[PDB]
*Asks:* 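Mind looking over this structure? Questions follow.
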Number of protein chains: 4
Amino acid sequence: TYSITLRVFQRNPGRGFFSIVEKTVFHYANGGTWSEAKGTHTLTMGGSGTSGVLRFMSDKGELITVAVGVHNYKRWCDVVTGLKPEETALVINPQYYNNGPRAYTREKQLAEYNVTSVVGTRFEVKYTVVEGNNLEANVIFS
Amino acid sequence: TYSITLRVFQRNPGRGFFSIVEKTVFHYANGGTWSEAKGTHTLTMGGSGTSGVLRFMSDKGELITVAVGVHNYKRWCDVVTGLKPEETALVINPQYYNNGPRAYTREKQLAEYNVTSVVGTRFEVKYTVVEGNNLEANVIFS
Amino acid sequence: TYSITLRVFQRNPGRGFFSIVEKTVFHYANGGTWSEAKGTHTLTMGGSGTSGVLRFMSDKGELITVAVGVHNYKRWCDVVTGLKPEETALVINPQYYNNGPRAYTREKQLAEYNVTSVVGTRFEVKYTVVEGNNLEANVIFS
Amino acid sequence: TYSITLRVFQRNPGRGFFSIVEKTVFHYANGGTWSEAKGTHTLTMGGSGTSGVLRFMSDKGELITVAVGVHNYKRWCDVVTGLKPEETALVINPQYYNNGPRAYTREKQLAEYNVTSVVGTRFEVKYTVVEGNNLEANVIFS
Ligand SMILES: CC(=O)N[C@@H]1[C@@H](O[C@@H]2O[C@H](CO)[C@H](O)[C@H](O)[C@H]2O)[C@@H](O)[C@@H](CO)O[C@@H]1O
Ligand SMILES: CC(=O)N[C@@H]1[C@@H](O[C@@H]2O[C@H](CO)[C@H](O)[C@H](O)[C@H]2O)[C@@H](O)[C@@H](CO)O[C@@H]1O
Ligand SMILES: CC(=O)N[C@@H]1[C@@H](O[C@@H]2O[C@H](CO)[C@H](O)[C@H](O)[C@H]2O)[C@@H](O)[C@@H](CO)O[C@@H]1O
Ligand SMILES: CC(=O)N[C@@H]1[C@@H](O[C@@H]2O[C@H](CO)[C@H](O)[C@H](O)[C@H]2O)[C@@H](O)[C@@H](CO)O[C@@H]1O
């Protein structure tokens, strides 16, 4: 089994304040589950080869997803910003598989990824524990 | 816009204790978002014609989903029990649309639904406010 | 150190839905901390001889406190109902110490406590793990 | 009644991740209640003349309290850092009243407060809505 524990840091009040509005788990590797403990969010998965997505919305209306998973025994992550209301995590998560439009960024097995939304909000996923079955990462909004 | 606010009541410690492990929103009607306030869970949707699903897991390993939405301006709900680990909410939610295997129970536009899992856990969704754009319902595990 | 993990069961929608509105920790035994994990609430204490209180309010306005702690290496609990708005947990917790009017109930070291409020809400605290440093209890609103 | 809604921003992972470990409400002005909604924390009070405290602990073990309230119809705030484990919020909140050693800081009715802890963690409380009965503030760990 694999687990990924996320700590969420929001740096800049100017960018608004984000909260989770959706949490999905992909059906590969025997699925998995999100849980919360001490302000953190942990994705527990039945094995290597699946993932999950957290969608955030700011009190300014901005919508973004954070994807984390394990691909061939190595952690991966991605961030998608500038989402329309209809582009829910339910739509996004499957796009990393079956030759979907996001599978390429899963295949990179990134230990860190950052991007800045068209509206000017910076986002970063950085793994602090990059090896083993108990993975850790920070999610930073700025 | 439509919103559905859920209060979760767990009645019987013998059945274990459930917590949310996944939350999905379907992409119709301009999507939607889950939010938590005062222990309750609210699904806010851009209009009539979409839905969302909460998946629960008990500390005894039992997995079940609760689906709520609005179909042609009337509320609906459903409960699916006896799920395998790979049957995530991500898999379940879309099954209510595109002539999927659960669309029939969405079309009923039920104001109340109850079922008992094969392992003996009772589940009920009962709307306390059944009309208008601000819908309310209790979710009861027993 | 000692810990007490609580699982909250709410059995009867007719009594309203309760949520936590305050959490205190008494300052003996090197204090302690409340944390949430998987829908449960854990009080971690620096040793034997302290306690904490959760105050709950129903959406019908009813106010009650649940007290749990360790006294001379044995778990204790109490429930106070019919609280006025000014009787916050900050007022209640200390009443269990220093000639306070509730000290006697700490001294009982109860592994179970039941009480019904004047307005008719049943409350129970029942420890499921009653020995050791990792205690567990169900809190039942009926 | 008065309310104060807090949004918590954590800017620097190097200082560790903070979570709430205690929430108190002082017993003047008919008391009050803490509630969570969309990742924010609201203290609702029965009138002017009371307050509440959130105690935070970082995963590095640092302990700090944030106090907010209304004094003579104006918002106030304070931050106390370098707390020992036994200095719980239950100890801190009352120190703002009755010849307590922190009463002076309530009397200042500050709309902003900044302080850096001895171990090097910056803390700020900044009200974004500074007038009326529905107050708003950002809490920034830097
Ligand atoms: C070892 C590993 O990470 N494999 C990845 C695949 O995961 C497997 O997928 C199958 C279903 O096809 C099944 O669910 C297995 O349990 C699961 O481990 C899969 O994610 C592919 C997708 O391109 O990547 C790896 O091969
Ligand atoms: C009015 C209503 O509830 N209509 C339902 C449909 O919802 C619409 O779906 C389309 C896409 O096909 C689009 O997203 C609209 O915004 C949305 O209102 C749809 O849910 C169907 C599915 O069978 O049922 C109703 O017709
Ligand atoms: C062993 C035990 O539970 N003792 C209880 C006391 O707790 C001790 O309290 C002192 C106070 O200075 C100190 O904080 C110790 O750390 C702590 O163990 C205390 O709760 C008394 C209060 O009546 O009851 C027990 O003796
Ligand atoms: C108007 C106001 O903020 N007054 C403050 C006091 O609050 C009053 O306190 C009394 C105490 O009996 C009572 O609870 C009232 O409801 C409440 O408004 C109190 O906080 C004092 C303490 O120094 O400061 C102000 O005067």
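Just so you know, ligand 1 is whichever comes first in the structure, and atom 1 is the first atom listed for that ligand. Letters A, B, ... mirror the listed sequences (proteins, then strands); counts begin at 1.
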*Asks:* Can you tell me if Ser51(B) uses its side chain to pair, donor with acceptor, with the backbone of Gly69(B) under 3.5 Å?
*Replies:*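 Answer holds: no.
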
*Asks:* What's the separation between atom CG in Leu83(D) and atom CD1 in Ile92(D), rounded to the nearest 0.5 Å?
*Replies:*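 These two atoms lie 5.0 Å from each other.
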
*Asks:* Students should find this: residues with any non-hydrogen atom under 4.0 Å from ligand 2. What is the answer?
*Replies:*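 The answer is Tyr28(B), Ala29(B), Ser48(B), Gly49(B), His71(B), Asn72(B), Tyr73(B), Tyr97(B), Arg106(B), counting any residue whose heavy atom sits under 4.0 Å from ligand 2.
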
*Asks:* Taking only residues two or more places apart in sequence, or in another chain, which ones meet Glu86(A) in a salt bridge (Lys or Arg N to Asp or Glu O under 4.0 Å)?
*Replies:*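 Here no residue qualifies.
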
*Asks:* Determine, for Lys108(C) against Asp78(C), whether the closest basic-nitrogen to carboxylate-oxygen distance falls under 4.0 angstrom.
*Replies:*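 No.
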
*Asks:* Please confirm whether the backbone N or O of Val70(C) pairs with a side-chain atom of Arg75(C), one donor and one acceptor, at under 3.5 Å?
*Replies:*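 Absent.
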
*Asks:* Please determine whether a side-chain nitrogen of the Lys or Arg among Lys23(C) and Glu36(C) lies less than 4.0 Å from a carboxylate oxygen of the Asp or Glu.
*Replies:*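 Counted as a salt bridge, because a side-chain N and a carboxylate O are separated by less than 4.0 Å.
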
